[PDB]
>>> print(open('run04.pdb').read())   # PDB, N, CA and C atoms
ATOM      1  N   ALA G   1      11.629 -13.169 -11.102  1.00  0.00           N
ATOM      2  CA  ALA G   1      12.473 -14.327 -11.456  1.00  0.00           C
ATOM      3  C   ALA G   1      13.743 -14.312 -10.598  1.00  0.00           C
ATOM      4  N   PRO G   2      13.711 -14.933  -9.404  1.00  0.00           N
ATOM      5  CA  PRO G   2      14.883 -15.057  -8.544  1.00  0.00           C
ATOM      6  C   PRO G   2      15.857 -16.110  -9.084  1.00  0.00           C
ATOM      7  N   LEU G   3      17.103 -16.078  -8.597  1.00  0.00           N
ATOM      8  CA  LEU G   3      18.166 -17.016  -8.960  1.00  0.00           C
ATOM      9  C   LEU G   3      19.332 -16.862  -7.970  1.00  0.00           C
ATOM     10  N   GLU G   4      19.573 -17.881  -7.130  1.00  0.00           N
ATOM     11  CA  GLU G   4      20.601 -17.921  -6.068  1.00  0.00           C
ATOM     12  C   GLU G   4      20.808 -16.561  -5.359  1.00  0.00           C
ATOM     13  N   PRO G   5      19.881 -16.154  -4.464  1.00  0.00           N
ATOM     14  CA  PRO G   5      19.984 -14.873  -3.784  1.00  0.00           C
ATOM     15  C   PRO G   5      21.126 -14.886  -2.761  1.00  0.00           C
ATOM     16  N   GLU G   6      21.699 -13.708  -2.529  1.00  0.00           N
ATOM     17  CA  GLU G   6      22.783 -13.476  -1.580  1.00  0.00           C
ATOM     18  C   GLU G   6      22.599 -12.065  -1.041  1.00  0.00           C
ATOM     19  N   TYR G   7      22.403 -11.924   0.279  1.00  0.00           N
ATOM     20  CA  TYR G   7      22.249 -10.660   1.014  1.00  0.00           C
ATOM     21  C   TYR G   7      23.292  -9.617   0.562  1.00  0.00           C
ATOM     22  N   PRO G   8      22.950  -8.725  -0.392  1.00  0.00           N
ATOM     23  CA  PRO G   8      23.902  -7.756  -0.907  1.00  0.00           C
ATOM     24  C   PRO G   8      24.020  -6.582   0.075  1.00  0.00           C
ATOM     25  N   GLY G   9      25.030  -5.727  -0.138  1.00  0.00           N
ATOM     26  CA  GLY G   9      25.443  -4.652   0.770  1.00  0.00           C
ATOM     27  C   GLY G   9      24.279  -3.884   1.407  1.00  0.00           C
ATOM     28  N   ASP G  10      23.620  -3.035   0.611  1.00  0.00           N
ATOM     29  CA  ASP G  10      22.572  -2.112   1.055  1.00  0.00           C
ATOM     30  C   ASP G  10      21.576  -1.767  -0.070  1.00  0.00           C
ATOM     31  N   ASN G  11      20.924  -2.801  -0.601  1.00  0.00           N
ATOM     32  CA  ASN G  11      19.978  -2.718  -1.706  1.00  0.00           C
ATOM     33  C   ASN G  11      19.095  -3.968  -1.688  1.00  0.00           C
ATOM     34  N   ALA G  12      17.790  -3.831  -1.421  1.00  0.00           N
ATOM     35  CA  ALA G  12      16.860  -4.953  -1.572  1.00  0.00           C
ATOM     36  C   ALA G  12      17.040  -5.599  -2.956  1.00  0.00           C
ATOM     37  N   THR G  13      17.048  -6.937  -2.970  1.00  0.00           N
ATOM     38  CA  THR G  13      17.302  -7.771  -4.150  1.00  0.00           C
ATOM     39  C   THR G  13      16.544  -7.280  -5.396  1.00  0.00           C
ATOM     40  N   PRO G  14      17.093  -7.462  -6.615  1.00  0.00           N
ATOM     41  CA  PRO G  14      16.465  -6.929  -7.822  1.00  0.00           C
ATOM     42  C   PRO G  14      15.122  -7.611  -8.148  1.00  0.00           C
ATOM     43  N   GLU G  15      14.797  -8.732  -7.487  1.00  0.00           N
ATOM     44  CA  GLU G  15      13.475  -9.363  -7.527  1.00  0.00           C
ATOM     45  C   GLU G  15      12.398  -8.592  -6.731  1.00  0.00           C
ATOM     46  N   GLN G  16      12.781  -7.693  -5.812  1.00  0.00           N
ATOM     47  CA  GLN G  16      11.839  -6.962  -4.961  1.00  0.00           C
ATOM     48  C   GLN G  16      11.181  -5.816  -5.738  1.00  0.00           C
ATOM     49  N   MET G  17      12.002  -4.925  -6.308  1.00  0.00           N
ATOM     50  CA  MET G  17      11.545  -3.830  -7.168  1.00  0.00           C
ATOM     51  C   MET G  17      10.926  -4.331  -8.480  1.00  0.00           C
ATOM     52  N   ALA G  18      11.272  -5.548  -8.925  1.00  0.00           N
ATOM     53  CA  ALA G  18      10.654  -6.192 -10.081  1.00  0.00           C
ATOM     54  C   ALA G  18       9.126  -6.299  -9.943  1.00  0.00           C
ATOM     55  N   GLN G  19       8.618  -6.590  -8.736  1.00  0.00           N
ATOM     56  CA  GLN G  19       7.184  -6.622  -8.428  1.00  0.00           C
ATOM     57  C   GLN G  19       6.542  -5.244  -8.660  1.00  0.00           C
ATOM     58  N   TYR G  20       7.057  -4.198  -8.001  1.00  0.00           N
ATOM     59  CA  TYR G  20       6.600  -2.812  -8.164  1.00  0.00           C
ATOM     60  C   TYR G  20       6.693  -2.304  -9.613  1.00  0.00           C
ATOM     61  N   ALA G  21       7.795  -2.593 -10.308  1.00  0.00           N
ATOM     62  CA  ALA G  21       7.968  -2.248 -11.715  1.00  0.00           C
ATOM     63  C   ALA G  21       6.883  -2.899 -12.594  1.00  0.00           C
ATOM     64  N   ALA G  22       6.585  -4.186 -12.360  1.00  0.00           N
ATOM     65  CA  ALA G  22       5.452  -4.855 -12.993  1.00  0.00           C
ATOM     66  C   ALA G  22       4.107  -4.219 -12.598  1.00  0.00           C
ATOM     67  N   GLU G  23       3.893  -3.885 -11.315  1.00  0.00           N
ATOM     68  CA  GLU G  23       2.703  -3.181 -10.805  1.00  0.00           C
ATOM     69  C   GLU G  23       2.449  -1.871 -11.578  1.00  0.00           C
ATOM     70  N   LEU G  24       3.503  -1.071 -11.796  1.00  0.00           N
ATOM     71  CA  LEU G  24       3.423   0.161 -12.577  1.00  0.00           C
ATOM     72  C   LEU G  24       2.983  -0.088 -14.027  1.00  0.00           C
ATOM     73  N   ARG G  25       3.541  -1.101 -14.707  1.00  0.00           N
ATOM     74  CA  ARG G  25       3.081  -1.500 -16.050  1.00  0.00           C
ATOM     75  C   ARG G  25       1.562  -1.709 -16.086  1.00  0.00           C
ATOM     76  N   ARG G  26       0.979  -2.264 -15.016  1.00  0.00           N
ATOM     77  CA  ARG G  26      -0.471  -2.487 -14.909  1.00  0.00           C
ATOM     78  C   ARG G  26      -1.193  -1.154 -14.762  1.00  0.00           C
ATOM     79  N   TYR G  27      -0.669  -0.286 -13.886  1.00  0.00           N
ATOM     80  CA  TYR G  27      -1.154   1.076 -13.669  1.00  0.00           C
ATOM     81  C   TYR G  27      -1.406   1.796 -14.991  1.00  0.00           C
ATOM     82  N   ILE G  28      -0.495   1.681 -15.968  1.00  0.00           N
ATOM     83  CA  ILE G  28      -0.610   2.294 -17.302  1.00  0.00           C
ATOM     84  C   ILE G  28      -1.912   1.911 -18.006  1.00  0.00           C
ATOM     85  N   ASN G  29      -2.240   0.616 -18.031  1.00  0.00           N
ATOM     86  CA  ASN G  29      -3.506   0.125 -18.565  1.00  0.00           C
ATOM     87  C   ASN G  29      -4.693   0.740 -17.792  1.00  0.00           C
ATOM     88  N   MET G  30      -4.621   0.734 -16.452  1.00  0.00           N
ATOM     89  CA  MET G  30      -5.615   1.345 -15.552  1.00  0.00           C
ATOM     90  C   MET G  30      -5.667   2.892 -15.564  1.00  0.00           C
ATOM     91  N   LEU G  31      -4.693   3.562 -16.189  1.00  0.00           N
ATOM     92  CA  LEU G  31      -4.591   5.014 -16.390  1.00  0.00           C
ATOM     93  C   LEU G  31      -4.913   5.382 -17.851  1.00  0.00           C
ATOM     94  N   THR G  32      -5.028   4.382 -18.740  1.00  0.00           N
ATOM     95  CA  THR G  32      -5.236   4.542 -20.187  1.00  0.00           C
ATOM     96  C   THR G  32      -4.110   5.363 -20.855  1.00  0.00           C
ATOM     97  N   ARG G  33      -2.964   5.529 -20.173  1.00  0.00           N
ATOM     98  CA  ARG G  33      -1.805   6.324 -20.602  1.00  0.00           C
ATOM     99  C   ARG G  33      -0.527   5.897 -19.865  1.00  0.00           C
ATOM    100  N   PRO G  34       0.671   6.166 -20.417  1.00  0.00           N
ATOM    101  CA  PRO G  34       1.928   5.898 -19.730  1.00  0.00           C
ATOM    102  C   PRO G  34       2.197   6.909 -18.601  1.00  0.00           C
ATOM    103  N   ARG G  35       3.045   6.515 -17.634  1.00  0.00           N
ATOM    104  CA  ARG G  35       3.462   7.346 -16.490  1.00  0.00           C
ATOM    105  C   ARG G  35       4.892   7.881 -16.631  1.00  0.00           C
ATOM    106  N   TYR G  36       5.746   7.151 -17.363  1.00  0.00           N
ATOM    107  CA  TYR G  36       7.142   7.498 -17.648  1.00  0.00           C
ATOM    108  C   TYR G  36       8.003   7.701 -16.375  1.00  0.00           C
TER     109      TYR G  36
END
>>> encode(input="run04.pdb", output="structure tokens")
Amino acid sequence: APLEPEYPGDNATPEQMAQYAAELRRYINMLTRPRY
């Protein structure tokens, strides 16, 4: 969920890691257990 992006100092936008964080949530179902 992006909203008015602006090239911040030295950190890829919080929408970038949001994809990977969601990907990990899927991994849990595919692992039948949490990863923590």
>>> select_by_dssp(input="run04.pdb", residues="segment 7-36 of chain G", states="helix (DSSP H, G or I)", output="PDB file with N, CA and C atoms, in the frame of the given file")
ATOM      1  N   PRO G  14      17.093  -7.462  -6.615  1.00  0.00           N
ATOM      2  CA  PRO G  14      16.465  -6.929  -7.822  1.00  0.00           C
ATOM      3  C   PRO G  14      15.122  -7.611  -8.148  1.00  0.00           C
ATOM      4  N   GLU G  15      14.797  -8.732  -7.487  1.00  0.00           N
ATOM      5  CA  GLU G  15      13.475  -9.363  -7.527  1.00  0.00           C
ATOM      6  C   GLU G  15      12.398  -8.592  -6.731  1.00  0.00           C
ATOM      7  N   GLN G  16      12.781  -7.693  -5.812  1.00  0.00           N
ATOM      8  CA  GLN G  16      11.839  -6.962  -4.961  1.00  0.00           C
ATOM      9  C   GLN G  16      11.181  -5.816  -5.738  1.00  0.00           C
ATOM     10  N   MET G  17      12.002  -4.925  -6.308  1.00  0.00           N
ATOM     11  CA  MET G  17      11.545  -3.830  -7.168  1.00  0.00           C
ATOM     12  C   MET G  17      10.926  -4.331  -8.480  1.00  0.00           C
ATOM     13  N   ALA G  18      11.272  -5.548  -8.925  1.00  0.00           N
ATOM     14  CA  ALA G  18      10.654  -6.192 -10.081  1.00  0.00           C
ATOM     15  C   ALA G  18       9.126  -6.299  -9.943  1.00  0.00           C
ATOM     16  N   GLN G  19       8.618  -6.590  -8.736  1.00  0.00           N
ATOM     17  CA  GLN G  19       7.184  -6.622  -8.428  1.00  0.00           C
ATOM     18  C   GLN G  19       6.542  -5.244  -8.660  1.00  0.00           C
ATOM     19  N   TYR G  20       7.057  -4.198  -8.001  1.00  0.00           N
ATOM     20  CA  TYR G  20       6.600  -2.812  -8.164  1.00  0.00           C
ATOM     21  C   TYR G  20       6.693  -2.304  -9.613  1.00  0.00           C
ATOM     22  N   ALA G  21       7.795  -2.593 -10.308  1.00  0.00           N
ATOM     23  CA  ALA G  21       7.968  -2.248 -11.715  1.00  0.00           C
ATOM     24  C   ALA G  21       6.883  -2.899 -12.594  1.00  0.00           C
ATOM     25  N   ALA G  22       6.585  -4.186 -12.360  1.00  0.00           N
ATOM     26  CA  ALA G  22       5.452  -4.855 -12.993  1.00  0.00           C
ATOM     27  C   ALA G  22       4.107  -4.219 -12.598  1.00  0.00           C
ATOM     28  N   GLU G  23       3.893  -3.885 -11.315  1.00  0.00           N
ATOM     29  CA  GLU G  23       2.703  -3.181 -10.805  1.00  0.00           C
ATOM     30  C   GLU G  23       2.449  -1.871 -11.578  1.00  0.00           C
ATOM     31  N   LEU G  24       3.503  -1.071 -11.796  1.00  0.00           N
ATOM     32  CA  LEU G  24       3.423   0.161 -12.577  1.00  0.00           C
ATOM     33  C   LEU G  24       2.983  -0.088 -14.027  1.00  0.00           C
ATOM     34  N   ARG G  25       3.541  -1.101 -14.707  1.00  0.00           N
ATOM     35  CA  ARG G  25       3.081  -1.500 -16.050  1.00  0.00           C
ATOM     36  C   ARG G  25       1.562  -1.709 -16.086  1.00  0.00           C
ATOM     37  N   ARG G  26       0.979  -2.264 -15.016  1.00  0.00           N
ATOM     38  CA  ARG G  26      -0.471  -2.487 -14.909  1.00  0.00           C
ATOM     39  C   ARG G  26      -1.193  -1.154 -14.762  1.00  0.00           C
ATOM     40  N   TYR G  27      -0.669  -0.286 -13.886  1.00  0.00           N
ATOM     41  CA  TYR G  27      -1.154   1.076 -13.669  1.00  0.00           C
ATOM     42  C   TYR G  27      -1.406   1.796 -14.991  1.00  0.00           C
ATOM     43  N   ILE G  28      -0.495   1.681 -15.968  1.00  0.00           N
ATOM     44  CA  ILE G  28      -0.610   2.294 -17.302  1.00  0.00           C
ATOM     45  C   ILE G  28      -1.912   1.911 -18.006  1.00  0.00           C
ATOM     46  N   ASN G  29      -2.240   0.616 -18.031  1.00  0.00           N
ATOM     47  CA  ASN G  29      -3.506   0.125 -18.565  1.00  0.00           C
ATOM     48  C   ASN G  29      -4.693   0.740 -17.792  1.00  0.00           C
ATOM     49  N   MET G  30      -4.621   0.734 -16.452  1.00  0.00           N
ATOM     50  CA  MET G  30      -5.615   1.345 -15.552  1.00  0.00           C
ATOM     51  C   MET G  30      -5.667   2.892 -15.564  1.00  0.00           C
ATOM     52  N   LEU G  31      -4.693   3.562 -16.189  1.00  0.00           N
ATOM     53  CA  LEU G  31      -4.591   5.014 -16.390  1.00  0.00           C
ATOM     54  C   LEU G  31      -4.913   5.382 -17.851  1.00  0.00           C
TER      55      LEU G  31
END
>>> atom_distance(input="run04.pdb", atom1="atom CA of residue 1 of chain G", atom2="atom CA of residue 35 of chain G")
24.0 Å
>>> axis_aligned_box(input="run04.pdb", around="segment 3-8 of chain G", padding_each_side="6 Å", output="lines of an AutoDock Vina configuration file")
center_x = 20.6
center_y = -12.3
center_z = -4.0
size_x = 18.9
size_y = 23.3
size_z = 22.0
>>> atom_distance(input="run04.pdb", atom1="atom CA of residue 4 of chain G", atom2="atom CA of residue 17 of chain G")
16.8 Å
>>> atom_distance(input="run04.pdb", atom1="atom CA of residue 9 of chain G", atom2="atom CA of residue 36 of chain G")
28.7 Å
>>> residues_around(input="run04.pdb", residues="residue 15 of chain G", least_positions_apart="5", cutoff="12 Å", atoms="only C-alpha atoms", output="ChimeraX atom specification")
/G:1-6,20-22
>>> decode(input="run04.pdb", residues="segment 5-35 of chain G", atoms="N, CA, C and O atoms", output="compact mmCIF listing (two decimals), in the first residue's frame")
# COMPACT_ATOMS: atom_id res chain seq x y z
N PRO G 5 5.23 8.59 -2.43
CA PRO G 5 6.60 8.21 -2.15
C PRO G 5 7.55 9.39 -2.34
O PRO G 5 7.34 10.28 -3.17
N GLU G 6 8.65 9.37 -1.59
CA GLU G 6 9.71 10.38 -1.62
C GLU G 6 11.01 9.66 -1.30
O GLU G 6 11.07 9.03 -0.25
N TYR G 7 11.98 9.68 -2.23
CA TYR G 7 13.32 9.09 -2.12
C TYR G 7 13.95 9.40 -0.75
O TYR G 7 14.54 10.48 -0.58
N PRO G 8 13.83 8.50 0.25
CA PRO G 8 14.35 8.76 1.58
C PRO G 8 15.86 8.49 1.60
O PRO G 8 16.41 7.93 0.65
N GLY G 9 16.53 8.91 2.69
CA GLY G 9 17.98 8.93 2.84
C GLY G 9 18.69 7.70 2.28
O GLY G 9 19.34 7.77 1.24
N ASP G 10 18.58 6.57 2.99
CA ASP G 10 19.29 5.32 2.71
C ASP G 10 18.53 4.08 3.22
O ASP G 10 19.01 3.28 4.02
N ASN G 11 17.31 3.91 2.72
CA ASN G 11 16.39 2.84 3.09
C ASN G 11 15.34 2.68 1.98
O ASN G 11 14.56 3.60 1.74
N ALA G 12 15.33 1.55 1.27
CA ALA G 12 14.25 1.25 0.32
C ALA G 12 12.89 1.44 1.01
O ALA G 12 12.71 1.05 2.17
N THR G 13 11.96 2.08 0.29
CA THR G 13 10.63 2.46 0.77
C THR G 13 9.94 1.34 1.55
O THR G 13 10.12 0.16 1.23
N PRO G 14 9.09 1.65 2.55
CA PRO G 14 8.48 0.63 3.40
C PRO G 14 7.49 -0.27 2.62
O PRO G 14 7.13 -1.34 3.11
N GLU G 15 7.11 0.12 1.40
CA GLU G 15 6.35 -0.73 0.47
C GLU G 15 7.19 -1.86 -0.16
O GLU G 15 6.62 -2.83 -0.66
N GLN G 16 8.53 -1.78 -0.13
CA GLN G 16 9.41 -2.77 -0.75
C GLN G 16 9.52 -4.03 0.11
O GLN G 16 9.21 -5.13 -0.33
N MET G 17 9.92 -3.86 1.38
CA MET G 17 9.97 -4.94 2.37
C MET G 17 8.58 -5.49 2.72
O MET G 17 8.48 -6.65 3.09
N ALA G 18 7.52 -4.70 2.52
CA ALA G 18 6.14 -5.15 2.68
C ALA G 18 5.82 -6.39 1.82
O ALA G 18 5.14 -7.29 2.30
N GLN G 19 6.34 -6.45 0.58
CA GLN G 19 6.22 -7.60 -0.31
C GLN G 19 6.86 -8.85 0.31
O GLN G 19 6.18 -9.85 0.52
N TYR G 20 8.15 -8.78 0.67
CA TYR G 20 8.89 -9.86 1.33
C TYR G 20 8.25 -10.31 2.66
O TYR G 20 8.16 -11.50 2.93
N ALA G 21 7.82 -9.36 3.49
CA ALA G 21 7.12 -9.65 4.74
C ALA G 21 5.82 -10.44 4.49
O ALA G 21 5.56 -11.44 5.17
N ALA G 22 5.03 -10.04 3.48
CA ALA G 22 3.89 -10.82 3.03
C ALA G 22 4.30 -12.20 2.48
O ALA G 22 3.66 -13.19 2.84
N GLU G 23 5.37 -12.29 1.67
CA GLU G 23 5.94 -13.55 1.16
C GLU G 23 6.25 -14.54 2.30
O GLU G 23 5.87 -15.71 2.24
N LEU G 24 6.88 -14.06 3.38
CA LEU G 24 7.17 -14.86 4.56
C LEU G 24 5.90 -15.41 5.23
O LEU G 24 5.85 -16.59 5.55
N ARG G 25 4.85 -14.58 5.40
CA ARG G 25 3.55 -15.05 5.90
C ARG G 25 3.04 -16.26 5.11
O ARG G 25 2.46 -17.17 5.69
N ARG G 26 3.27 -16.29 3.79
CA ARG G 26 2.87 -17.40 2.92
C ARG G 26 3.73 -18.63 3.22
O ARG G 26 3.19 -19.72 3.40
N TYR G 27 5.05 -18.42 3.33
CA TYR G 27 6.03 -19.44 3.70
C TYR G 27 5.55 -20.26 4.90
O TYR G 27 5.63 -21.47 4.85
N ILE G 28 5.00 -19.61 5.94
CA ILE G 28 4.47 -20.26 7.15
C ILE G 28 3.43 -21.34 6.82
O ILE G 28 3.54 -22.46 7.31
N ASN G 29 2.45 -21.01 5.98
CA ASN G 29 1.46 -21.97 5.49
C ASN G 29 2.16 -23.12 4.74
O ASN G 29 1.92 -24.29 5.05
N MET G 30 3.10 -22.80 3.84
CA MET G 30 3.92 -23.76 3.09
C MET G 30 4.96 -24.54 3.93
O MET G 30 5.52 -25.53 3.44
N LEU G 31 5.20 -24.15 5.18
CA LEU G 31 6.09 -24.79 6.17
C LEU G 31 5.26 -25.53 7.24
O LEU G 31 5.80 -26.29 8.03
N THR G 32 3.93 -25.33 7.25
CA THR G 32 2.99 -25.86 8.25
C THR G 32 3.34 -25.42 9.68
O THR G 32 2.84 -25.98 10.66
N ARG G 33 4.18 -24.38 9.83
CA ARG G 33 4.69 -23.85 11.10
C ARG G 33 5.19 -22.40 10.95
O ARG G 33 5.54 -22.00 9.84
N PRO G 34 5.26 -21.61 12.04
CA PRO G 34 5.83 -20.27 11.99
C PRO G 34 7.36 -20.30 11.89
O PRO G 34 8.01 -21.27 12.28
N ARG G 35 7.95 -19.19 11.39
CA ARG G 35 9.40 -19.01 11.25
C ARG G 35 9.99 -18.06 12.31
O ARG G 35 11.15 -18.23 12.69
